[PDB]
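With TSV, N, CA and C atoms inside, this is final.tsv:
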```
chain	number	residue	atom	x	y	z
A	1	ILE	N	0.84	-1.23	0.00
A	1	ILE	CA	0.00	0.00	0.00
A	1	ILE	C	0.86	1.27	0.00
A	2	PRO	N	0.48	2.28	-0.80
A	2	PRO	CA	1.23	3.55	-0.89
A	2	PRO	C	0.96	4.50	0.29
A	3	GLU	N	0.97	3.95	1.50
A	3	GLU	CA	0.71	4.74	2.71
A	3	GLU	C	1.94	5.55	3.13
A	4	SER	N	3.12	5.09	2.70
A	4	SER	CA	4.42	5.72	3.03
A	4	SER	C	4.79	5.55	4.51
A	5	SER	N	3.80	5.67	5.40
A	5	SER	CA	4.04	5.52	6.84
A	5	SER	C	4.48	4.09	7.17
A	6	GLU	N	3.77	3.10	6.63
A	6	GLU	CA	4.12	1.70	6.85
A	6	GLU	C	5.51	1.43	6.28
A	7	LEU	N	5.77	2.01	5.11
A	7	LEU	CA	7.06	1.88	4.45
A	7	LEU	C	8.16	2.52	5.28
A	8	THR	N	7.93	3.75	5.76
A	8	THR	CA	8.93	4.44	6.58
A	8	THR	C	9.13	3.73	7.92
A	9	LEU	N	8.03	3.30	8.54
A	9	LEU	CA	8.09	2.59	9.81
A	9	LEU	C	8.91	1.30	9.66
A	10	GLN	N	8.58	0.51	8.64
A	10	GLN	CA	9.30	-0.74	8.37
A	10	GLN	C	10.76	-0.45	8.01
A	11	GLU	N	10.98	0.65	7.29
A	11	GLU	CA	12.32	1.09	6.88
A	11	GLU	C	13.17	1.44	8.10
A	12	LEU	N	12.62	2.27	8.99
A	12	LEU	CA	13.33	2.66	10.21
A	12	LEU	C	13.62	1.42	11.06
A	13	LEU	N	12.58	0.62	11.31
A	13	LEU	CA	12.74	-0.61	12.08
A	13	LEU	C	13.34	-1.73	11.23
A	14	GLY	N	14.18	-1.33	10.29
A	14	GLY	CA	14.85	-2.26	9.41
A	14	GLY	C	16.35	-2.02	9.40
A	15	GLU	N	16.76	-0.81	9.01
A	15	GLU	CA	18.19	-0.47	8.99
A	15	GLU	C	18.70	-0.11	10.39
A	16	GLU	N	17.88	0.59	11.19
A	16	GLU	CA	18.27	0.97	12.55
A	16	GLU	C	18.51	-0.28	13.41
A	17	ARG	N	17.62	-1.26	13.26
A	17	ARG	CA	17.72	-2.52	13.99
A	17	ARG	C	18.16	-3.64	13.04
A	18	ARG	N	19.11	-3.31	12.16
A	18	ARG	CA	19.63	-4.25	11.17
A	18	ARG	C	20.54	-5.31	11.81
```
Turn this file's structure into C-alpha coordinates for me.
Amino acid sequence: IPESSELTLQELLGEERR
(Lines of atoms letter the chains of each structure in order from A and count residues from 1; the text may use other names and numbers.)
(Lines give C-alpha, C1' and ligand atoms only; values in the text may rest on other atoms or scores of the structure.)
Protein backbone atom coordinates (compact mmCIF):
# COMPACT_ATOMS: atom_id res chain seq x y z
CA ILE A 1 0.00 0.00 0.00
CA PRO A 2 1.23 3.55 -0.89
CA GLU A 3 0.71 4.74 2.71
CA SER A 4 4.42 5.72 3.03
CA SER A 5 4.04 5.52 6.84
CA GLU A 6 4.12 1.70 6.85
CA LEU A 7 7.06 1.88 4.45
CA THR A 8 8.93 4.44 6.58
CA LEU A 9 8.09 2.59 9.81
CA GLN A 10 9.30 -0.74 8.37
CA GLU A 11 12.32 1.09 6.88
CA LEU A 12 13.33 2.66 10.21
CA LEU A 13 12.74 -0.61 12.08
CA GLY A 14 14.85 -2.26 9.41
CA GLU A 15 18.19 -0.47 8.99
CA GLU A 16 18.27 0.97 12.55
CA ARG A 17 17.72 -2.52 13.99
CA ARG A 18 19.63 -4.25 11.17
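Across the structure, CA of residue 1 (chain A) and atom C of residue 16 (chain A) are spaced 22.9 Å apart.
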Could you find all residues in chain A that DSSP calls alpha helix (DSSP H) from the backbone, and write them as a PDB file with N, CA and C atoms, in the coordinates of the input?
```pdb
ATOM      1  N   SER A   5       3.800   5.670   5.400  1.00  0.00           N
ATOM      2  CA  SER A   5       4.040   5.520   6.840  1.00  0.00           C
ATOM      3  C   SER A   5       4.480   4.090   7.170  1.00  0.00           C
ATOM      4  N   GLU A   6       3.770   3.100   6.630  1.00  0.00           N
ATOM      5  CA  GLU A   6       4.120   1.700   6.850  1.00  0.00           C
ATOM      6  C   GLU A   6       5.510   1.430   6.280  1.00  0.00           C
ATOM      7  N   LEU A   7       5.770   2.010   5.110  1.00  0.00           N
ATOM      8  CA  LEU A   7       7.060   1.880   4.450  1.00  0.00           C
ATOM      9  C   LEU A   7       8.160   2.520   5.280  1.00  0.00           C
ATOM     10  N   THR A   8       7.930   3.750   5.760  1.00  0.00           N
ATOM     11  CA  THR A   8       8.930   4.440   6.580  1.00  0.00           C
ATOM     12  C   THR A   8       9.130   3.730   7.920  1.00  0.00           C
ATOM     13  N   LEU A   9       8.030   3.300   8.540  1.00  0.00           N
ATOM     14  CA  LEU A   9       8.090   2.590   9.810  1.00  0.00           C
ATOM     15  C   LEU A   9       8.910   1.300   9.660  1.00  0.00           C
ATOM     16  N   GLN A  10       8.580   0.510   8.640  1.00  0.00           N
ATOM     17  CA  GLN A  10       9.300  -0.740   8.370  1.00  0.00           C
ATOM     18  C   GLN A  10      10.760  -0.450   8.010  1.00  0.00           C
ATOM     19  N   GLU A  11      10.980   0.650   7.290  1.00  0.00           N
ATOM     20  CA  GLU A  11      12.320   1.090   6.880  1.00  0.00           C
ATOM     21  C   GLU A  11      13.170   1.440   8.100  1.00  0.00           C
ATOM     22  N   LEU A  12      12.620   2.270   8.990  1.00  0.00           N
ATOM     23  CA  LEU A  12      13.330   2.660  10.210  1.00  0.00           C
ATOM     24  C   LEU A  12      13.620   1.420  11.060  1.00  0.00           C
ATOM     25  N   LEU A  13      12.580   0.620  11.310  1.00  0.00           N
ATOM     26  CA  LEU A  13      12.740  -0.610  12.080  1.00  0.00           C
ATOM     27  C   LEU A  13      13.340  -1.730  11.230  1.00  0.00           C
ATOM     28  N   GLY A  14      14.180  -1.330  10.290  1.00  0.00           N
ATOM     29  CA  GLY A  14      14.850  -2.260   9.410  1.00  0.00           C
ATOM     30  C   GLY A  14      16.350  -2.020   9.400  1.00  0.00           C
ATOM     31  N   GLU A  15      16.760  -0.810   9.010  1.00  0.00           N
ATOM     32  CA  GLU A  15      18.190  -0.470   8.990  1.00  0.00           C
ATOM     33  C   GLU A  15      18.700  -0.110  10.390  1.00  0.00           C
TER      34      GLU A  15
END
```
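CA of residue 18 (chain A) sits 18.1 Å away from atom N of residue 6 (chain A).
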Between atom N of residue 17 (chain A) and CA of residue 2 (chain A) - distance in Å to one decimal: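 Distance reported for this atom pair: 22.2 Å.
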